[PDB]
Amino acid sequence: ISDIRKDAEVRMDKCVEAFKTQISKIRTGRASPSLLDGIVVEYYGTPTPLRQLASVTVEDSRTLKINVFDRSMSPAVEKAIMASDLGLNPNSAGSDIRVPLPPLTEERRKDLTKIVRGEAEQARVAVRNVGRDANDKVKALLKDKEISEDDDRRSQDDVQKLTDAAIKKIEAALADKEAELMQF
């Protein structure tokens, strides 16, 4: 009911956000600083996130810029970026690292579009499964006595709404990602 529903909404939300996070790891044709969010570099023997040693910004619509705090940490940062994508050929001068985004081919756009559409369906299925389990919990209460057949039917509706609402956020994120792929 109340708790169950909220629990379902919070869980569905976690899935929607999980979809957007994995969608941001896909490199497109436009400079997107959020793509290097997962980069990690060994700092004094400790695995450290990129954001803690440098600053990723946009200098061009097709080029990224990574300013490393510790200049000595430049080679490692540039190496950690190359080891994560064979398509990235950066260029450093001092504490800066220029990272141009290679324009996608029509075949790559298609290939990348399929992958995003696949993660979306998986994200959509996760949201339904979250709703399905919330319903199974309510059905259990109805099987007892606490809940009437009216409460249960209402819960199913509310849960159905939560699913459609979350699935909408996934289709919107998907659509946006698709647009970026075909546009550049």
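Start at 1 with the first residue shown and count on from there.
Higher mean CA B-factor, judged across 168 to 176 and 9 to 17 from the recorded values: 9 to 17. The mean C-alpha temperature factor is higher for 145 to 153 when 145 to 153 and 130 to 138 are set side by side. When the C-alpha B factors of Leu104, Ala80, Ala93, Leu112 are read from the deposited coordinates, the top value falls at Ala93.
The maximum CA B-factor among the listed residues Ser61, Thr57, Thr48, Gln122, taken from the PDB record, is found at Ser61.
Looking at the C-alpha B-factors along this chain, the one for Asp37 belongs to the middle third.
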